[PDB]
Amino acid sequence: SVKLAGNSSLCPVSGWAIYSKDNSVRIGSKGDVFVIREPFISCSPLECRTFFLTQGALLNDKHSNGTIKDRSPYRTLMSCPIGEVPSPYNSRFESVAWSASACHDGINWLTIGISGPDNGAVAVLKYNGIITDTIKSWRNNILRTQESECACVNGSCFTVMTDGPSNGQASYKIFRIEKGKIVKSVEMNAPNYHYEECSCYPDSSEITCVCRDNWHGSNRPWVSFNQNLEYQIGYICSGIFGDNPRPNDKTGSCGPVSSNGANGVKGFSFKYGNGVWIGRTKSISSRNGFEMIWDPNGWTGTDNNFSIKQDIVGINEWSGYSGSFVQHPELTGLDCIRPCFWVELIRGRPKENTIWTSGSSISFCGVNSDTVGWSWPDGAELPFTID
């Protein structure tokens, strides 16, 4: 076992080749499949795994009755191998959690699981499944984190947590974690910014997070930092707006775009110099569709011009959360950090006439060989027997 270096740059890519699909909701009509939300992929030097929050209920069972917002004591962070349905019969237990992150430093898995009350929530940090630290709410207002993988460089792993309002100024903290112990934390000085559900990746020994502004930004806010947590902050300038909901594309802003700014969806983007790969919904008002767009000046430019769009999910199909994951050279044998992404395909409430809400997943890795746009939707026929 060797620590992931994290020192090479992101692989430049021309397109997205499909990596996995689990069909969880179709299979869970009869099989023993967890009700899940907030899946996310993360890889070691040896395998990739799907992390997810269950409510400890199976599809098509009465205990699946529940909403998109549910911070219950039943919620657990579990994992299974990529592209398998999340079943009690193939799922590793990670942590008790209604908000989570995980990443592998090259030696062992770090998991971060937040549970307890809204006014006093506690992150439990595990390294190789052993409790190595805790951090408690510092604003008593729903301590919460990424719902996607943390990022590791030379034996240190990094994440972002928020505490405070989801509809106003909140507090945002960045963490350095070694062997599951918090060795440093900084509060981000970010007045008029809002950071939720960050997607964070390593690139040339430094961390870039693209997050959700739930307050008043229909473009995505970003924070980047070195191993000492010295940070820079901004918003993606492109008039190709990243969030959902959002206005139609037009001139963008390097600060928060207020038009359709309130509310949002977890997402991601990859910075390449002044350019940006944006994953976003195809609807401006609803979690429907998904597409990747290459905007060669979209990190720092405000025009709504782009070079590449690749269809992932069709406009009339359910999408949901999306997030980054990487494959390090230690896993791939490449000379660069390969960017990948997942999409959560949400079914049930509140858009559909069911008692339950659950997600399946699809994922894609960046390549420079030939790719094709299509639609890989969830595919389940709702409602189910239990409804």
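All residue numbers are counted from 1 along the displayed sequence.
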Review point. Would 67 to 75 or 206 to 214 have the larger average of its C-alpha temperature factors, as given in the entry?
Key: 67 to 75
Practice item. Determine, for stretches 219 to 227 and 250 to 258, which one has the higher mean CA B-factor as deposited. Key: 250 to 258
Practice item. Select one of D105, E94, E196, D295: the residue whose C-alpha shows the highest B-factor in the crystal structure entry. Key: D295
Review point. Which of these has the highest Cα B-factor in the record: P86, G129, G234, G113?
Key: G234
**Study point:** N305, C-alpha B-factor rank within chain (lowest, middle or highest third)
**Key:** highest
Review point. Hey, what third does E352 fall into on Cα B-factor, ranked over its chain?
Key: middle
Practice item. Ordered by C-alpha B-factor within the chain, which third holds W98? Give me lowest, middle or highest, please. Key: lowest
Study note, to complete from the structure: Chain-relative C-alpha B factor for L143 (record values, thirds): the lowest
Exercise for review: Within this chain's modelled residues, let me know which third the CA B factor of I18 belongs to: lowest, middle or highest.
Suggested key: lowest
